[PDB]
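Q: Input: one structure, supplied below.
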Amino acid sequence: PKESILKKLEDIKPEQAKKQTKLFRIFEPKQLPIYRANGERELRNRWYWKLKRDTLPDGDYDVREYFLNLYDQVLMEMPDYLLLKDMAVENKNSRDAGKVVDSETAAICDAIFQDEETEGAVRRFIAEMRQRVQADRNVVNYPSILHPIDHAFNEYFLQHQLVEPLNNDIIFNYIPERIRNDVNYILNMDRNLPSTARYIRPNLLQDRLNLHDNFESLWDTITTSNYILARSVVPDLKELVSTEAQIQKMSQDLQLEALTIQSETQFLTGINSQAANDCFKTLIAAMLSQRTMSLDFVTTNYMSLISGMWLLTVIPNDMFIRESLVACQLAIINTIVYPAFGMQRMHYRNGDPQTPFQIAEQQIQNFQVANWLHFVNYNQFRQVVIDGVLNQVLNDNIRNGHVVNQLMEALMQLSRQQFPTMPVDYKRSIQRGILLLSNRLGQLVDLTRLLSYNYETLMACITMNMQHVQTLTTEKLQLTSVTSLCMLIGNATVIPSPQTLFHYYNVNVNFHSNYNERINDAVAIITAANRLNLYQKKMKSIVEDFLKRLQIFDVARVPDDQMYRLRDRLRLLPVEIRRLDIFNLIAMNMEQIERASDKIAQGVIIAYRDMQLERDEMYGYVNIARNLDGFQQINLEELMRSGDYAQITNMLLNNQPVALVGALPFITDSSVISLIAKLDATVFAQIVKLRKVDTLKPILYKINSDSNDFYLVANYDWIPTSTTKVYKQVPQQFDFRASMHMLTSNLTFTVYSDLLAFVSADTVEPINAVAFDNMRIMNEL
Amino acid sequence: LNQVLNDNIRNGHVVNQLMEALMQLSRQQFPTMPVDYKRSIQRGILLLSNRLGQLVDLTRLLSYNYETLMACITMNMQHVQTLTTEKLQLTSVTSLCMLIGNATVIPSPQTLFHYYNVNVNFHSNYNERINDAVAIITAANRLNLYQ
Amino acid sequence: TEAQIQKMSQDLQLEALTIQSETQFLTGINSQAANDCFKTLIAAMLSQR
Amino acid sequence: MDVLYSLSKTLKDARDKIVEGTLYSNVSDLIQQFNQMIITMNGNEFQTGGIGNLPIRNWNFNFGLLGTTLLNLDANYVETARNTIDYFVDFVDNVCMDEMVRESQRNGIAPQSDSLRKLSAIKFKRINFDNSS
């Protein structure tokens with residue numbers, strides 16, 4: 001399925017820019033009945049800050065897991081940009097009919113207005129809530145009603161924004177430099193982009209993970225996908241010479257005797273027109289994806305060996321596995337080069353550290369043959385860094401085409417030889433193939449120039465490191481196709497059209513920015529789960545999802561150890577500054593979001609002395625304690641974990657003042673008789689009987705005038721007194737004039753994805769297509 | 001008496017040296033081996049040397065199960081080379097290497113008590129029978145019974 | 001076990017080499033090989049067998 | 001100090017061994033050390049002199065590697081080698097004149113010039129070669 005491997009990589013569909021449409025508030029104002037100093041009702045209600053919804057569970061592990069869920073919710077509601085004018089609605093009652101920032105801010109403004117006891121000092125301040133528009137500086141301000149934690153999130157989302165201004169010079173500079181200064185391509189535009197035009201640039205940081213280090217099975221899949229991609233971009237060979245008209249000339253050069261079984265009939269095998277541009281595509285695409293090939297030949301076909309000589313001229317020996325390479329070099333050497341000087345057959349041991357070229361360079365007396373052998377011996381790429389990325393650039397003499405002139409001057413020395421130990425038919429059998437190649441001197445110089453120019457131009461759109469490691473599975477290259485590429489090239493230059501150049505660059509940038517933003521997501525989640533003590537979270541799900549969302553990898557075939565090794569080398573990376581600042585806000589306000597709700601209590605103090613119930617305005621009388629100061633703390637969660645229950649048993653059997661610290665439920669007792677009846681110490685015997693504290697459900701009193709039979713407080717001069725005190729925090733008042741802020745943004749801009757949609761592209765006619773040396777590629781007649 | 005491991009097997013820290021000695025054999029070029037069998041044996045070593053933590057934890061678990069079940073031994077743990085041997089397939093060892101996850105299995109206390117029960121019952125049986133045997137032999141010899 | 005057998009069969013290749021293809025990979029059995037090896041090791045060490 | 005002797009030993013050998021027409025197998029182990037030297041010394045800047053009338057010279061190394069693809073070394077390779085060798089010989093000459101001129105009462109066996117204190121790192125330790133004098 002090499003056509004669905006291509007579909008996974010052509011359909012990366014880059015990161016959709018997320019505009020904010022809400023405010024991300026966590027709290028909300030809710031009005032509560034308030035009470036006097038003695039428990040009687042103050043006549044008014046008072047607005048406070050409460051959670052909008054709570055799913056704060058009882059176990060502290062579940063609490064910190066809930067804030068990791070909240071962190072992921074923030075990450076899924078991070079705006080890539082925003083326009084405050086698109087979410088701003090009017091308040092119903094201001095002087096100048098202004099606009100607040102939110103429908104929920106407008107709901108708060110319309111609830112504080114037309115409420116009976118707001119007080120005038122506030123109702124004048126709603127009437128002054130108006131937006132402020134600077135059209136010169138493109139800066140607007142909207143009134144907002146936000147909690148300080150919520151305003152930290154919102155001020156963060158405003159200030160640290162992804163958009164960057166755009167013009168025509170930035171779309172000049174978005175095209176990579178090696179096409180931008182190319183003579184062969186002409187690029188113009190049609191639109192002057194305005195002063196208010198934005199884009200979100202991709203994340204083009206290189207491989208922070210180093211998948212080429214040890215992930216051989218994943219990087220095999222990567223080089224497979226890069227190979228199938230680059231194969232579809234290498235252009236088709238145009239105007240080859242005719243196949244049936246080249247086989248006739250080939251069968252006239254060597255003289256086909258019809259009765260003699262001879263080795264020159266098999267020169268003419270498999271020379272096609274589609275094998276030619278099969279070979280051309282795979283020679284460029286395996287060198288663009290840095291993917292190792294493997295040779296397929298028969299050793300009786302000697303034209304395969306001569307085309308393998310040209311194959312090892314142009315392409316470095318490190319592009320092939322050693323078995324097929326060293327076997328081909330062995331057959332080339334044994335057949336053509338060693339019978340020239342009457343040498344031994346060279347028994348060559350499998351496992352020699354030196355290839356047969358690397359000892360034919362020292363056994364052979366000739367200079368020319370051996371000089372070309374030494375070019376092939378230590379032919380390798382230069383490891384280059386241009387424009388931030390690695391390149392693996394060829395030798396200059398390869399991309400001149402001059403090394404074909406080095407080969408043929410070393411090839412017409414094997415025709416001068418006499419073959420002293422071999423018969424005359426074998427001498428004809430070698431030098432017919434030598435003549436058969438050397439008829440195409442300029443044609444192969446031009447084919448080498450064309451291959452190297454297309455290699456340069458197509459690696460000019462690669463945005464990842466072209467790491468040269470031997471790949472795993474090492475796909476097939478046939479030498480019959482190399483032979484049918486040596487013949488049948490002709491005259492017509494084909495260079496890649498700049499539409500396909502831009503398409504190859506686009507899908508490279510799409511997969512690379514995908515890959516980097518996924519790394520940022522997963523390193524943020526793993527670092528956030530390590531910095532909040534999540535000792536029961538198995539992190540196979542994070543890395544499994546990380547390979548799900550990369551649309552290439554077969555994730556059901558990557559087992560445990562590779563997932564967990566990606567976990568090992570993923571949390572060595574620093575978090576992106578965006579998600580790090582998000583986690584800093586979560587980590588400094590998480591301890592306040594936890595303590596600001598009902599259905600949670602952060603501890604229970606059991607002293608056995610008579611502690612009076614405390615007054616506050618919104619309950620009347622509570623057993624709220626506000627510090628764990630003076631009491632021996634016992635962590636509830638660690639207790640649940642280790643399962644001891646022998647320290648707290650020996651502190652509940654005898655009556656010792658004790659402080660069970662941990663998130664817990666409560667019931668709200670309201671009656672006074674059920675405080676006169678000591679329901680405090682009743683709920684802790686179940687810890688001793690059954691050895692579990694997940695049942696543990698303490699009580700919070702609200703002795704108020706709204707309760708039944710409050711008169712025991714009123715008529716008897718009784719400041720109420722309980723045995724235990726649960727550990728809650730008191731809600732904060734909704735100060736209206738201090739919660740109002742002003743949100744700051746731009747008024748108008750537009751976001752442009754696909755920057756290359758504005759560049760209209762053209763190429764010079766390929767008769768005059770020019771190389772790096774200011775000479776034409778394929779200057780043959 | 002008890003036959004115990006050292007503490008390097010016991011906390012699984014010794015595998016951090018075996019994997020250091022295995023990926024030394026992976027960057028190791030062999031002087032005359034054929035390259036396909038050499039690349040195959042180096043990648044076969046790398047199959048093992050990438051399960052560093054997965055086998056550190058496995059030999060922590062194996063040693064901990066050996067710990068908790070060695071406590072319920074009540075006879076001596078004498079090491080003598082026995083006649084018949086329990087044949088081990090190394091294919092089963094490769095299976096245990098390449099197939100373990102991270103889920104801890106420890107003996108539950110009912111099957112940890114039951115092992116102790118049957119050990120103490122066999123040892124009780126053994127001593128009470130030997131006492132009966134030396135009683136009957138010494139009694140039959142002091143009572144002049146030589147048929 | 002199937003992902004493990006496929007990973008071990010693609011990392012160390014045997015269609016390129018020639019000794020055989022299959023018998024190298026009697027490894028990947030869930031419970032009759034790994035679990036019984038675990039049992040064999042700890043039972044032999046406990047019984048001094 | 002070890003890397004300074006190593007720089008000078010490679011420059012002496014590369015004036016001696018890298019000549020016109022010589023076989024590549026005679027110099028196949030020297031060109032790898034000289035390329036390791038170029039790879040190590042690139043991207044680094046040095047400053048020699050500054051005491052007495054010894055002039056302050058700034059040294060910047062941006063050189064390409066030498067080719068490893070000849071059978072007999074032709075005169076192109078010899079001329080580009082002579083250029084790189086002459087620059088490195090001038091560098092090591094000024095480092096040696098900067099080091100012989102300085103002294104210290106406290107610990108004299110330590111390097112005193114800034115260039116040789118910079119060369120005493122483990123980044124430059126792969127320059128090291130045989131110590132035969």
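As shown in the structure tokens, the chain order sets the letters A, B, ...; within each chain, residues go from 1, and ligands are also counted from 1 in the order they appear.
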Determine, counting only C-alpha atoms, which protein, DNA and RNA residues have an atom within 9 Å of an atom of residue A:328; residues of the same chain fewer than 2 positions away are not included. Present the result as a VMD selection string.
A: chain A and resid 295 to 297 299 305 308 323 to 326 330 to 333
Q: Compute the set of chain A residues within 10 Å of chain D, using only C-alpha atoms, and express it as a list in words.
A: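 Output check: residues 361, 362, 367, 368, 370, 371, 372, 373, 374, 375, 376, 377, 378, 379, 380 and 382 of chain A.
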Q: Restrict the distance test to only C-alpha atoms, flag each residue of chain B within 6 Å of chain C, and return the flagged residues as a list in words.
A: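 Close enough to count are residues 40, 43, 44, 79, 91, 92, 95 and 96 of chain B.
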Q: Could you tell me how far atom CA of residue A:604 sits from atom CA of residue A:660, in Å to one decimal place?
A: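 If I compute the distance from atom CA of residue A:660 to atom CA of residue A:604, I get 5.2 Å.
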Q: What separation in Å, quoted to one decimal, exists between atom CA of residue B:2 and atom CA of residue B:114?
A: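 About the pair atom CA of residue B:2 and atom CA of residue B:114: they are 19.7 Å apart.
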Q: Hey, what's within 10 Å of residue A:675 if we count only C-alpha atoms and toss same-chain stuff fewer than 5 positions away? As a PyMOL selection string, please?
A: chain A and resi 669-670+680+701+703+720-723
Q: Okay, now the selection with N, CA and C atoms, as a PDB file, in the first residue's frame?
A:
ATOM      1  N   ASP A 669     -24.733  20.023  58.406  1.00  0.00           N
ATOM      2  CA  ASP A 669     -25.721  20.008  59.468  1.00  0.00           C
ATOM      3  C   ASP A 669     -26.153  21.442  59.720  1.00  0.00           C
ATOM      4  N   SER A 670     -27.438  21.620  59.998  1.00  0.00           N
ATOM      5  CA  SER A 670     -27.988  22.947  60.195  1.00  0.00           C
ATOM      6  C   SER A 670     -28.689  23.126  61.530  1.00  0.00           C
ATOM      7  N   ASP A 680     -20.270  15.321  66.515  1.00  0.00           N
ATOM      8  CA  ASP A 680     -18.914  15.584  66.042  1.00  0.00           C
ATOM      9  C   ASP A 680     -18.083  14.308  65.976  1.00  0.00           C
ATOM     10  N   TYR A 701     -21.186  22.742  60.294  1.00  0.00           N
ATOM     11  CA  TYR A 701     -22.405  23.304  60.849  1.00  0.00           C
ATOM     12  C   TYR A 701     -22.692  24.671  60.256  1.00  0.00           C
ATOM     13  N   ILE A 703     -25.185  27.088  61.854  1.00  0.00           N
ATOM     14  CA  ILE A 703     -26.142  27.525  62.859  1.00  0.00           C
ATOM     15  C   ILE A 703     -26.532  28.951  62.492  1.00  0.00           C
ATOM     16  N   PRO A 720     -21.982  29.271  70.306  1.00  0.00           N
ATOM     17  CA  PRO A 720     -22.026  27.817  70.119  1.00  0.00           C
ATOM     18  C   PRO A 720     -20.646  27.186  70.045  1.00  0.00           C
ATOM     19  N   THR A 721     -20.590  25.909  70.414  1.00  0.00           N
ATOM     20  CA  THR A 721     -19.329  25.235  70.684  1.00  0.00           C
ATOM     21  C   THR A 721     -19.401  23.796  70.201  1.00  0.00           C
ATOM     22  N   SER A 722     -18.430  23.393  69.384  1.00  0.00           N
ATOM     23  CA  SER A 722     -18.360  22.042  68.848  1.00  0.00           C
ATOM     24  C   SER A 722     -17.058  21.374  69.261  1.00  0.00           C
ATOM     25  N   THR A 723     -17.020  20.054  69.097  1.00  0.00           N
ATOM     26  CA  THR A 723     -15.829  19.295  69.451  1.00  0.00           C
ATOM     27  C   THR A 723     -14.798  19.330  68.331  1.00  0.00           C
TER      28      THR A 723
END
Q: Contacts from chain B to chain A, 6 Å maximum, only C-alpha atoms: show me the residue list as a list in words.
A: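 Close to chain A, chain B has residues 32, 33 and 34 of chain B.
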Q: Please identify every residue of chain A that has at least one atom no more than 8 Å from any atom of chain C, counting only C-alpha atoms, and report them as a PDB file with C-alpha atoms, in the first residue's frame.
A:
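So the final result, stored in result.pdb, reads:
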ATOM      1  CA  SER A 217      11.809   1.111  13.600  1.00  0.00           C
ATOM      2  CA  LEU A 472      16.510  -0.723   8.325  1.00  0.00           C
ATOM      3  CA  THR A 473      14.606  -2.296   5.448  1.00  0.00           C
ATOM      4  CA  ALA A 556      -0.594  -0.649  17.335  1.00  0.00           C
ATOM      5  CA  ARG A 557       2.746  -2.112  16.195  1.00  0.00           C
ATOM      6  CA  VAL A 558       4.885   0.046  18.497  1.00  0.00           C
ATOM      7  CA  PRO A 559       4.950  -1.947  21.777  1.00  0.00           C
TER       8      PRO A 559
END
